[PDB]
Structure formats: structure tokens, C-alpha cells
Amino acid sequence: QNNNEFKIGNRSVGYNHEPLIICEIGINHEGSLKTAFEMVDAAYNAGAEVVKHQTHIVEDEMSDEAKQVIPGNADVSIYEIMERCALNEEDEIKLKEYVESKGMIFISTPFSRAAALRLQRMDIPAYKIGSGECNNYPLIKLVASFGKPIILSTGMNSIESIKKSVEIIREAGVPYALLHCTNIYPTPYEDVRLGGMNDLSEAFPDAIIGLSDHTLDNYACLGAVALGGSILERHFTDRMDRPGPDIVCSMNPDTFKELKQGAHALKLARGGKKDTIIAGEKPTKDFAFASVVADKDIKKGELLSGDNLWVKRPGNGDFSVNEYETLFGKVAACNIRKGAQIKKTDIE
């Protein structure tokens, strides 16, 4: 598709690089640092390159009205969920060091101004902005002024609303990625609309394109890689029997490994051009292509025609099936045996 790219630390991202899978532990640790470490361990052992957290500072993230609104995948207020799962600054700093001590990249999604400022102090290599904040222009202006690349999910937002955020990002001069997304825990296959990735790349040609996903399996993400996706995102848990509203659509070590393997295979198979010559096909072309042969015993002097000529494998004959009709009208320079390949010396 394109040659756009940028780096998250020492990791290059873009169409011409290996797709990057972001393992979002998010709020899956339910506020326990111990659980968070067990999930970081599972990600590390599964071969993850990036672990993504969610930075929640409830007071700066939402007003009192949030204590009265229930999310689609929960039974209590969003305020109660975030307050229950939120890690204080101290613990989050410990989580970042822990992930890095494992040789992995740590990034986190900020949901507020205070969160963004905390992450800037921690000096993360890139900032993720969720679909909920894709239209929070003032917050995006703040994050872009940090000087690091931005990864923006675009669920729940139209191309036009997104253009305002991208304009702000360009103005700041930092590279960015746009992840197509559908924000429903979980998301049915029918609502995915992988075509959205194309719409985004067409509208924003300088953007790295990817997919953030909330379906129950790897199919959507694998399709995203086939279409040209460079960044894949799925919630991640060490085991499926963990409690939590996001566990339902989370991938686990086993499913992460499958996704990584499939993404690699599709990275290799995607794109390319129809007319490209594949050397490995040579031996097949040599025996599978047809050559012109006598379909009847032809006496010297007789004229060749579509009545006494036909075509058969292999393709080493003097005349290819492509020249079949050009032999019509020619005269046999000698007797031609039925079934024999017509050779140049066979025509006067």
C-alpha cells in the first residue's frame, strides 16, 4: 500500500515491517499489581513485544455525572469500574519498569489530561488515544505537544470528525497511526467492516494504518493484516477464567501466539502484483503449457488447418499454443505424423 513508517522506541512500524501486536492488559488486572505482573509475565513468555496499560486518574477523567452512567458491558457505573481498576502513579511506574525489565515496550492509553502528564513524566515512547477520546481535540492538542508518535483509534467517529484530530497531530509535527475500531465488548463479525481501514488510508495517506479489535477471536485481525494493517490490538489476559468486563474479548497466550504466526504469514502473502514472475513456477510452465501438434497424418504439400492441427502438453514444441492459428494456410514441407509436434522444418 505505502511506505509510511515511524518508530516506537527501537521498533519500526509500517506496511513494510512486521505487523506489531499490542497486548492490552488495560484494566484486566482489576487494580492488583500482582495480577498485572502475572499478566505481563504471560505476555513476555508468549513472545509479546508491547504491553499496553490504561492510565486512569478518575477525578480528572470524569465529572460526577459518570457515577450515574452504566457501560454496555457492565452493571455498575463507569466511575466505579475505573476507580476499582485504577493503579496509582507509584504502582504504574513499577508496572512500566517491570515490563521494560522483561525487554518489552510499555505504552499506555491516557483518558485524561492528568494521565497524559503522568505518562510524559514516565517518558513513554508513544501515546495511545482511545476511540472515546478521538474527538477530544483539546486533549489531543496536549498529547501532540509532547513530541512522541501517536496511535489513534477511530471507533465511534466519522472521517470528518477524525480529520480535525489529524490536523492537530500534523500541526504538532509528530508521526501517527490510525486504527480502525468498533467499540463494543464483544463485537460481532458483521459490525467489523474491515473496509474502514481502506477509507482511513484513502483519506489520510500519511497515516500508518491498523486495527483495534474487540471480537471473540483472531479472524478480524488476520483480515486486517491481509488488507495491509501494520498495528493490531486486542485486550490480553494470562487466562480466560479471570474476572473483568473486558476479559470476554481478550486474547490469551495461546491465541496471541496464533495471531503472531498468522500475522507473519499474511505479512508475507499480502500485496504484490499479478504480473510478477515467480521463478519457482518455471518447471510447471515447462510441462503444463501446450505446443502445436498434428491432429492428423498430414501428407507433404497439404495445407495446415484447424482441422488437422491441435495443441497438447508439454511446452517445448517449436510452436506454442499461442501461435496455433498462424500455422493455418502453411504447407507441409514433408509428411507429418499424427500426434507429432509441428516443427519449423515441417513447413515450406
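Counting begins at 1, following the sequence as shown.
- Between 43 to 51 and 288 to 296, the higher mean Cα B-factor belongs to 288 to 296.
- When the C-alpha B-factors of 199 to 207 and 186 to 194 are averaged, 199 to 207 comes out higher.
- Taking the deposited Cα B-factors for 145, 255, 261, 215, the highest one is held by 145.
- Within the listed group 90, 80, 246, 233, the record reports its top CA B-factor for 90.
- Among all modelled residues in this chain, the alpha-carbon of residue 70 has a temperature factor (C-alpha) in the lowest third.
- Placement of the Cα temperature factor of residue 18 within the chain: middle third of the modelled residues, per the deposited record.
- Among the modelled residues of its chain, residue 32 has a C-alpha B-factor that falls in the middle third, as given in the PDB entry.
- Residue 228: CA B factor in the lowest third of modelled residues in this chain (values from the PDB entry).
- Placement of the Cα temperature factor of residue 84 within the chain: middle third of the modelled residues, per the deposited record.
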